[PDB]
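Structural features, examined
Residues per chain are reported as follows:
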Amino acid sequence: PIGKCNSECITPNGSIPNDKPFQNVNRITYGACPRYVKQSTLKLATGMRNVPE
Amino acid sequence: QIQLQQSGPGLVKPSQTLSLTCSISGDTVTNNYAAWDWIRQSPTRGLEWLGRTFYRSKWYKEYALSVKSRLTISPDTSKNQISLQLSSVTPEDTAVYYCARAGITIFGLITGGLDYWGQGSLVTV
Amino acid sequence: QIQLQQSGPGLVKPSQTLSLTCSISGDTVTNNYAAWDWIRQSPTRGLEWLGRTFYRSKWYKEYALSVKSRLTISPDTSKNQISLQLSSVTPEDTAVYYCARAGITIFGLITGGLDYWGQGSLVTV
Amino acid sequence: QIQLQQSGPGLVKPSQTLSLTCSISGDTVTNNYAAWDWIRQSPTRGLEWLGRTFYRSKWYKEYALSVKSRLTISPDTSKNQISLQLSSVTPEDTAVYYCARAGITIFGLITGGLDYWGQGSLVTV
Amino acid sequence: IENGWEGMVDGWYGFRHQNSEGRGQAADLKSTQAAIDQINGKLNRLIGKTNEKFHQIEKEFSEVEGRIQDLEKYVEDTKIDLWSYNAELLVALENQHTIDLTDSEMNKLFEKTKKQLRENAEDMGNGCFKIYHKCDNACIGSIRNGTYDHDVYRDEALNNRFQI
Amino acid sequence: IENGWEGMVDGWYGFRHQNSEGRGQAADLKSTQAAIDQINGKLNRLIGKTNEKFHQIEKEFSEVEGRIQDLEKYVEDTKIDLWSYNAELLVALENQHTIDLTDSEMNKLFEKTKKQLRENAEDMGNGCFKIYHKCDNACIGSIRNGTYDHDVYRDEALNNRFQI
Amino acid sequence: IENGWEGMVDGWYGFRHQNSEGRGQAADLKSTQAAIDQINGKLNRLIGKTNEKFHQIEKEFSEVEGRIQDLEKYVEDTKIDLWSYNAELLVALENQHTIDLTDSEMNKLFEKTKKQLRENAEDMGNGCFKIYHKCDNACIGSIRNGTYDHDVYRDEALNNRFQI
Amino acid sequence: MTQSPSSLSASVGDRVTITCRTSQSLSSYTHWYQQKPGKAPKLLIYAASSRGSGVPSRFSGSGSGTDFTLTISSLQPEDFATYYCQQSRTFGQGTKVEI
Amino acid sequence: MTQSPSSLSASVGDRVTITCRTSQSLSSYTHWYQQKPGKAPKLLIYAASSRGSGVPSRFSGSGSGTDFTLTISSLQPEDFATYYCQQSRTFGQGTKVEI
Amino acid sequence: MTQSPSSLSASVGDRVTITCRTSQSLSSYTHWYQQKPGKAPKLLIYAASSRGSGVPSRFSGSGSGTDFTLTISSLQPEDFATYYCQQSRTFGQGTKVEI
Amino acid sequence: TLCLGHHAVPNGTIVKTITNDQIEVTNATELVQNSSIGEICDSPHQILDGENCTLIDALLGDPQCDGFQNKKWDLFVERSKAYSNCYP
Ligand SMILES: *[C@@H]1O[C@H](CO)[C@@H](O[C@@H]2O[C@H](CO)[C@@H](O[C@@H]3O[C@H](CO[C@H]4O[C@H](CO)[C@@H](O)[C@H](O)[C@@H]4O)[C@@H](O)[C@H](O[C@H]4O[C@H](CO)[C@@H](O)[C@H](O)[C@@H]4O)[C@@H]3O)[C@H](O)[C@H]2NC(C)=O)[C@H](O)[C@H]1NC(C)=O
Ligand SMILES: *[C@@H]1O[C@H](CO)[C@@H](O[C@@H]2O[C@H](CO)[C@@H](O[C@@H]3O[C@H](CO[C@H]4O[C@H](CO)[C@@H](O)[C@H](O)[C@@H]4O)[C@@H](O)[C@H](O[C@H]4O[C@H](CO)[C@@H](O)[C@H](O)[C@@H]4O)[C@@H]3O)[C@H](O)[C@H]2NC(C)=O)[C@H](O)[C@H]1NC(C)=O
Ligand SMILES: *[C@@H]1O[C@H](CO)[C@@H](O[C@@H]2O[C@H](CO)[C@@H](O[C@@H]3O[C@H](CO[C@H]4O[C@H](CO)[C@@H](O)[C@H](O)[C@@H]4O)[C@@H](O)[C@H](O[C@H]4O[C@H](CO)[C@@H](O)[C@H](O)[C@@H]4O)[C@@H]3O)[C@H](O)[C@H]2NC(C)=O)[C@H](O)[C@H]1NC(C)=O
Ligand SMILES: *[C@@H]1O[C@H](CO)[C@@H](O[C@@H]2O[C@H](CO)[C@@H](O[C@@H]3O[C@H](CO)[C@@H](O)[C@H](O)[C@@H]3O)[C@H](O)[C@H]2NC(C)=O)[C@H](O)[C@H]1NC(C)=O
Ligand SMILES: *[C@@H]1O[C@H](CO)[C@@H](O)[C@H](O)[C@H]1NC(C)=O
Ligand SMILES: *[C@@H]1O[C@H](CO)[C@@H](O)[C@H](O)[C@H]1NC(C)=O
Ligand SMILES: *[C@@H]1O[C@H](CO)[C@@H](O)[C@H](O)[C@H]1NC(C)=O
Ligand SMILES: *[C@@H]1O[C@H](CO)[C@@H](O)[C@H](O)[C@H]1NC(C)=O
Ligand SMILES: *[C@@H]1O[C@H](CO)[C@@H](O)[C@H](O)[C@H]1NC(C)=O
């Protein structure tokens with residue numbers, strides 16, 4: 001359906017935010033959109049190698 | 001919606017104990033990415049830090065240098081409160097006390113910023 | 001196919017020397033990624049290590065801590081022979097001796113695993 | 001097109017001062033990636049190093065170990081001149097002096113190669 | 001350092017001193033800040049650095065066709081698989097460097113305390129500095145901000161180390 | 001360490017001690033194992049991690065055609081050259097890290113022996129710690145497994161250093 | 001080392017000694033050469049390692065067409081964007097390593113002087129080794145080429161440290 | 001914890017820079033606080049770079065070494081309050097701005 | 001070099017776990033050996049993770065720090081032999097399994 | 001700074017190798033110089049691997065550890081001059097080649 | 001006495017690096033967007049809705065698509081229920 005936002009990326013599943021550099025929602029994009037990838041989760045390490053206790 | 005209402009009497013005998021209960025509504029004390037500090041403010045010295053009590057698998061405690069041997073902070077999970085206990089009060093402590101929530105974190109580290117404050121006064125003889 | 005047949009007498013006088021010939025067929029002693037250990041097995045102590053030899057541009061030798069000053073291993077290239085020489089034998093050494101090939105390597109490092117064993121007994125007065 | 005013509009008298013009294021003017025045409029003294037050495041050559045020892053000067057926001061000077069306390073190099077910006085001043089001359093210094101330009105640099109580092117030399121003789125009583 | 005501390009939340013690097021007056025825990029604030037800037041710098045290159053494309057070829061089809069439809073399904077599949085590998089290589093390379101710089105900053109702070117206490121403290125092998133000398137909590141904090149002076153504790157600690 | 005040893009086959013690191021009882025050689029087993037797991041972990045991501053493709057475009061042609069055949073020869077050539085560069089960058093990056101972590105492990109083992117011998121030994125420059133103290137082969141092996149105690153050899157070695 | 005020297009052109013690492021005879025500055029030539037070979041090796045893989053392509057598809061068009069022209073504009077745009085990211089990742093990776101190897105080389109030269117001055121000098125924090133021992137300019141240069149002997153300056157400097 | 005201003009009377013719509021000079025040079029820990037008289041304070045900008053919830057767009061901060069500046073694009077009659085600067089556990093003496 | 005079992009009588013087709021607790025924590029050096037009485041021993045699994053030549057699929061090993069377990073999926077009448085555990089140069093006292 | 005030849009008489013078109021032993025092992029700093037009698041010396045090859053301006057293609061250099069060789073492919077009648085070897089600040093004793 | 005330590009978490013996440021595959025990190029951030037709002041919004045771009053009309057039908061002047069006359073768009077959206085009621 002048609003709604004209102006403030007966002008550049010448009011995908012057939014609906015508009016998505018373009019802050020993250022990668023997406024896997026759909027391969028069809030329009031406007032400023034993140035690049036399509038096949039992986040679902042790509043964790044970026046922002047901390048230290050964790051040891052318990 | 002985070003709301004903090006702190007209770008406790010504001011008239012105590014000098015050289016005695018002190019009671020201050022900080023009831024918490026809308027948020028739980030058992031929060032991994034959060035801490036709960038205690039800040040007092042006076043017209044003379046101003047805002048200063050007292051201590052904090054966060055939760056990493058059990059209740060940890062921290063205190064300032066000056067009131068290290070006189071302040072105990074007792075958390076409680078039963079009805080979502082945090083209790084402040086001050087021992088051996090002094091009439092230089094005639095000031096207001098604020099119960100405020102820390103935990104505006106970046107990368108999981110508590111940066112010491114305070115949000116969702118409260119209100120409460122205190123004066124002694 | 002790798003085949004190891006070790007020979008040598010199994011009846012020697014105590015407080016004397018000892019000879020043990022480990023004939024090798026199907027493989028050569030001069031191998032970069034293979035060493036040749038020597039393992040004895042007793043009914044009381046069990047399996048234990050004695051020493052090893054190989055060839056990295058020169059005939060290297062290693063020995064155990066206990067039989068450091070009594071064991072010499074002499075390799076031979078002429079007819080594919082590795083010879084074990086034990087000096088000053090003792091009647092506590094009444095045990096079987098195994099000539100086995102090491103060198104089941106990963107990343108070029110000999111990990112100490114043994115393959116292609118043999119058979120041989122020994123008893124002294 | 002870099003041309004270096006050095007002037008200066010070649011007959012001075014021993015145990016006195018010395019003057020040597022190295023005029024520069026086609027290039028400027030103020031250059032980031034270029035230094036200016038001073039090399040003397042004698043039939044006895046041969047080519048040897050004396051000192052250098054350049055400009056990295058301030059006129060810097062370096063000198064050799066032997067003539068550390070007797071050599072001063074004075075650059076000039078006004079008319080494209082670098083002047084050599086030798087103090088307390090000795091009759092062992094009867095040799096020719098070359099004013100040559102360094103600065104054949106790789107990755108911004110002056111490797112000590114010399115280009116665009118000059119000509120000049122010197123003899124003392 | 002065998003293991004870290006569960007309840008340290010105000011920094012990634014810090015000290016837990018213990019003397020006759022008790023034991024206290026304080027967080028180092030300089031080395032923790034330097035690790036944040038190196039981590040936030042990596043996120044600055046990735047977040048909000050997208051490129052815009054308006055008109056492309058059709059990437060999904062309904063009616064089966066011949067050679068041209070097979071070529072469009074192969075060009076789109078080539079771009080997706082190449083960018084999927086590029087995303088895997090970029091994250092794995094950045095995660096390798098982020099952990100390495102974080103572990104190196106831990107060792108750098110360990111050297112700074114040892115360098116400051118050149119003649120008054122040595123390594124105990126457990127990431128600690130056993131000091132029985134007259135060093136109170138303010139003396140411990142002098143090491144933290146780099147204002148510790150070893151000259152006033154040189155002769156006072158050399159004789160005590162031979163005694164103990 | 002100026003150069004390696006030709007006759008060490010059971011480990012990438014080790015010690016060649018020499019005292020009055022003779023000279024022996026025993027390879028390190030802990031640091032060698034830790035280097036293997038980092039190398040074997042790198043091979044785990046590459047070996048057996050392929051992707052399957054069933055139907056593609058024709059990549060070889062017999063009869064010359066116009067625009068469509070030139071496009072198919074350009075799409076296939078673009079994918080091959082891009083993956084050839086990706087293979088070069090992946091191997092060269094992993095080879096750079098593998099050598100760097102291996103060269104860092106031999107320094108950590110050098111530091112661990114110096115840290116354990118806190119007051120009884122000092123560095124000489126070539127890696128050979130010239131020790132004349134009463135430290136036999138079992139004493140040498142006590143350093144290897146981390147069970148060496150410097151307290152029983154503190155006063156026995158400090159006077160020997162001033163004597164020699 | 002807080003900051004470098006503005007008046008050093010013949011090397012990347014060096015010393016500025018100062019004693020009773022004056023102060024001098026000499027550039028180190030061994031560690032600077034090793035940094036050049038690691039930098040020049042990186043430029044060897046990039047300079048003059050191009051690949052040749054003779055016949056390609058048309059990459060610019062005048063008259064608008066249907067599906068085939070849209071496919072050719074998408075294949076060419078895919079190759080350009082992928083190679084633009086590959087150029088960004090290649091330069092940023094080598095720039096990260098070039099700085100990281102260089103700062104390690106600065107610390108390695110700092111350790112070599114401390115390792116050579118095993119019992120006659122200690123660290124200060126700023127890198128300026130305060131030495132009052134009888135060590136002249138030729139003594140300073142003996143450290144530079146690795147010919148310095150600490151045995152002739154062991155007893156002469158140990159008593160000076162207790163005196164000063 | 002030192003602050004250059006203590007009390008000022010700026011006109012409505014003026015631009016004011018409040019400098020909070022600290023001792024330790026770190027930027028991701030310091031914050032800024034505003035307290036109107038008679039109620040609890042609040043948080044305007046945290047980590048000296050990003051504004052908090054319920055903050056208008058006229059509040060901006062900068063980070064340069066050990067000196068941190070809090071800048072107001074346009075002063076308002078509803079912005080009469082004391083301003084406090086906190087680094088990690090120590091609060092400033094205060095900054096009283098007035099219309 | 002300690003092994004928890006010394007002698008056991010398991011039924012045919014049973015699953016048995018033999019624990020070889022060691023002193024030094026390293027996994028790529030330890031192996032496992034089987035020796036029938038009156039014959040030369042052989043190598044079943046090397047580096048505690050990969051079986052050797054001439055080994056059926058019912059033999060599996062595990063590595064967890066300093067703990068190494070050799071597991072048999074199904075006991076066989078032809079598998080009556082003494083089991084030995086070696087880390088780098090020291091062999092275990094033995095493990096006698098019986099049908 | 002030592003040079004293996006001192007004075008040689010090679011024929012026209014001969015190949016001559018001049019080896020200059022050094023003390024410190026570094027290649028990017030050393031150079032090579034040629035001085036005709038009564039003429040200003042010039043630079044032929046710098047950093048022991050790349051020729052300079054105004055240099056023919058018959059001059060080549062090599063670097064192997066602390067050993068540096070300056071090789072002339074074909075001797076010429078116009079190449080009668082004394083050769084000098086310099087590493088960073090010390091020049092060689094000289095190398096007089098003759099046709 | 002002047003010991004050193006570091007922050008730890010009871011429950012961290014797992015990232016992938018060059019050497020290891022299951023290394024444990026205290027804090028990790030998601031980098032791949034796998035969620036959508038659910039509706040196509042038209043504030044930056046002029047979006048023209050289909051309303052069971054395709055582009056070819058609106059181009060030729062389909063009487064059921066008479067609303068798309070002299071119209072311009074930044075992105076045309078074609079519905080999956082588009083049908084043509086005119087001459088074949
Ligand atoms: C790495 O570090 C970052 C920063 O520390 C973490 O991000 C935080 O993650 C936690 C939990 O993972 C978040 O806390 C929860 O957020 C939920 C939704 O967040 C929105 O609302 C908050 C305000 O509450 C905003 O700040 C935020 O930007 C979002 O807009 C809340 O719904 C949760 O509420 C909890 O408590 C209430 C109390 O009644 C319960 O009713 C709820 O059910 C719930 O239990 C909770 O507050 C936090 O918001 C995140 N912060 C930020 C800035 O994003 C990462 O998660 C961390 N990564 C890893 C892997 O650990
Ligand atoms: C890095 O390290 C690895 C492992 O350490 C090396 O891999 C070994 O490489 C060597 C030679 O490079 C191999 O040795 C030779 O293997 C040949 C074929 O191997 C098969 O057979 C062996 C059993 O013999 C199996 O283990 C293996 O998996 C293969 O199935 C043999 O034919 C060779 O026999 C030699 O001796 C006989 C004796 O009669 C001669 O007749 C032959 O002509 C020949 O000389 C020899 O054994 C070894 O098998 C490899 N091991 C493994 C596990 O693969 C890498 O080579 C090394 N890389 C580098 C660059 O050094
Ligand atoms: C990293 O380090 C390298 C090497 O040190 C630098 O490369 C040098 O860069 C400088 C300037 O950035 C160059 O100097 C100028 O070169 C101009 C043209 O160069 C040609 O001519 C020289 C000979 O003069 C050749 O060696 C060179 O190969 C080129 O063929 C000259 O025209 C300049 O002349 C200046 O002085 C005259 C004096 O009259 C003035 O009239 C001019 O206007 C001008 O001011 C000047 O010499 C130098 O040539 C470069 N060397 C090399 C080997 O390339 C990099 O610049 C440096 N990178 C960074 C970012 O700093
Ligand atoms: C966004 O929309 C697109 C298209 O409408 C979705 O792609 C398609 O989604 C359907 C159903 O989710 C997929 O059908 C099923 O796929 C599974 C495999 O995932 C298969 O096993 C089933 O038999 C069935 O075919 C369809 O494959 C998929 N097409 C493509 C090209 O991916 C997409 O899922 C939507 N995304 C979100 C987040 O809603
Ligand atoms: C450093 O910390 C100590 C701890 O008490 C304190 O006494 C000292 O004043 C501090 N120095 C500075 C410059 O802040
Ligand atoms: C460490 O090795 C020495 C070497 O002989 C030995 O005596 C000691 O028992 C070993 N310690 C342990 C815990 O194995
Ligand atoms: C090292 O440098 C010193 C400095 O004077 C010098 O005396 C000594 O001869 C040099 N040694 C060598 C081997 O060049
Ligand atoms: C945290 O980790 C422990 C592992 O000890 C696990 O049992 C628990 O379920 C985990 N909790 C969460 C919330 O992931
Ligand atoms: C097509 O869309 C129009 C506009 O909303 C609507 O009136 C009409 O009913 C739709 N057609 C069908 C078959 O529903």
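By the naming in the PDB entry, chain B is Fab heavy chain, taken from Homo sapiens. What the PDB record gives as the title of this entry is "Cryo-EM structure of SRR2899884.46167H+MEDI8852L fab in complex with Victoria HA".

As recorded in the PDB entry, chain A goes by the name Hemagglutinin, listed as coming from Influenza A virus.

Some details on the overall build of chain B
The number of helices and strands found in chain B is 0 helices and 11 strands. Shown N-terminal to C-terminal, the secondary structure of chain B runs as helices and strands in the order β-β-β-β-β-β-β-β-β-β-β. Taking 14 Å as the expected radius of gyration for a compact globule of 125 residues, we find that chain B reaches 14 Å, a close match to that expectation. For chain B, the spread of C-alpha atoms along the principal axes amounts to about 45 × 30 × 25 Å. Of all 125 residues assigned to chain B, the portion counted as buried reaches 54%. Looking at chain B as shown, the accessible area adds up to about 5400 Å², and 54% of this sits on carbon and sulfur atoms. Within chain B, the 8 negative side-chain charges are centred at a point lying 5 Å from the centre of the 11 positive side-chain charges.

Side note on the site of ligand 1
By nearness alone, every residue bordering ligand 1 is listed as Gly26(B), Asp27(B), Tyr33(B), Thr105(B), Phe107(B), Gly108(B), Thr13(K), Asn27(K) and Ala28(K). More than one chain lines the surroundings of ligand 1; the residues nearby belong to chains B and K. One of the backbone nitrogen or oxygen atoms of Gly26(B) is found 2.9 Å away from an oxygen atom of ligand 1. Here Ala28(K) contributes a backbone N or O atom positioned 3.4 Å from a nitrogen atom of ligand 1. The residue inventory of the shell around ligand 1, partitioned by class, reads 3 nonpolar, 5 polar and 1 charged.

Focus on helix α3 (residues 137-144) of chain G
All names here are of chain G. Among all positions in α3, only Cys139, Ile140, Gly141, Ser142 and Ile143 are buried. In this structure, the buried residues of α3 make contact with β1 (14-19) and α2 (67-116). For α3, the capping residue at the N-terminal end is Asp136, with a side-chain oxygen 3.3 Å from the backbone nitrogen of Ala138. One or two positions beyond α3, positive phi appears at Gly146, with a value near 80°.

Focus: the sheet that holds strand β3 (residues 18-25) of chain B
Strand pairs in the sheet, formed through backbone hydrogen bonds, run parallel or antiparallel to each other. All names here are of chain B. Strand order in the open sheet formed by 4 strands is β1-β3-β8-β7, with antiparallel pairing between adjacent strands. Edge positions in the sheet fall to β1 (3-7) and β7 (71-76), since each of these pairs with one other strand and no more. Going from strand to strand, the sheet's axes swing by 20° on average, the running direction of each strand aside. With 5 bridges connecting them, β1 and β3 associate as antiparallel partners. By the bridge assignment for β3, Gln3 is matched with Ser25.

As for the environment of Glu94(G)
All names here are of chain G. Within the secondary structure, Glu94 sits in helix α2. With 52 residues separating them in the primary sequence, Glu94 and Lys42 have C-alpha atoms 7.8 Å apart. Sequence-distant contacts of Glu94, that is, excluding residues within four places in its chain, are made with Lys42 and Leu46.

A few points about the sheet that holds strand β9 (residues 96-102) of chain C
All names here are of chain C. One open sheet holds the 5 strands; their spatial order is β6-β5-β4-β9-β10, and the pairing between them is antiparallel. The sheet is open, and its two borders are formed by β6 (59-63) and β10 (114-115), each paired with just one other strand. Of the pairings in the sheet, the one linking strand β4 (residues 36-42) to β9 comprises 6 bridges and is antiparallel in character. The residue bridging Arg40 from the neighbouring strand is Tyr97, located in β9.

Notes on the interface of chain A and chain K
Listed by partner, the interface residues are 38 residues for chain A and 35 residues for chain K. For the pair chain A and chain K, the number of links is 0 salt bridges. Between the two partners, chain A and chain K, sit 17 residue pairs in polar contact. Looking at the side of chain A that touches chain K, the elements with two or more residues in it are β1 (2-3), β2 (10-11), β3 (14-15), β4 (22-23) and β7 (43-45) of chain A. For the side of chain A that touches chain K, the leading source of residues is β7(A), giving 3 residues. Across the side of chain A that touches chain K, the residue classes break down as 16 nonpolar, 16 polar and 6 charged. Two elements, β4(A) and strand β5 (residues 32-33) of chain K, share 2 bridges in a ladder whose sense is parallel. By the bridge assignment, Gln23(A) is partnered in β5(K) with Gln33(K).

Concerning the environment of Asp76(C)
Residues and elements named next belong to chain C. Examined against the element boundaries, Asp76 turns out to sit in strand β7 (residues 71-76). Residue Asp76 is classed as partly exposed on the basis of its relative accessible area of 22%. Residues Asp76 and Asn31, spaced 45 residues apart in sequence, show a C-alpha to C-alpha distance of 13 Å. Sequence-distant contacts of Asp76, defined by excluding residues within four places in its chain, comprise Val29 and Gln81. At a separation of 3.2 Å, a polar atom in the side chain of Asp76 contacts the main-chain amide nitrogen of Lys79.

Reading the values: rules and limits
- Residues numbered from 1 in each chain as written, not as in the entry; some residues may be left out.
- Chains lettered and ligands numbered in written order.
- Part of a larger assembly, values for the part shown.
- Heavy atoms only, no water.
- Helix = DSSP H or I, 4+ residues; strand = E, 2+ residues; numbered from the N terminus.
- Rg over C-alpha atoms; globule rule 2.2 N^0.38 Å.
- Buried < 20%, exposed > 50% of the residue type's maximum accessible area, 1.4 Å probe, protein only.
- Areas by Shrake-Rupley, 256 points an atom, 1.4 Å probe, with all protein chains shown as cover.
- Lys, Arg positive; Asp, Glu negative; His and termini not counted.
- Charge placed at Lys NZ, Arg CZ, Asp CG, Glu CD.
- Near = heavy atom within 4 Å.
- Polar contact = N/O pair within 3.5 Å; in protein donor to acceptor, adjacent residues only side chain to side chain.
- Nonpolar A, V, L, I, M, F, W, Y, C, P; charged D, E, K, R; others polar.
- Contact = heavy atoms within 4.5 Å.
- Pairing = 2+ DSSP bridges.
- Axes fitted to C-alpha atoms, helices over the stretch in contact; angles between N-to-C directions.
- Salt bridge = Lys/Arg side-chain N within 4 Å of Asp/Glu carboxyl O.

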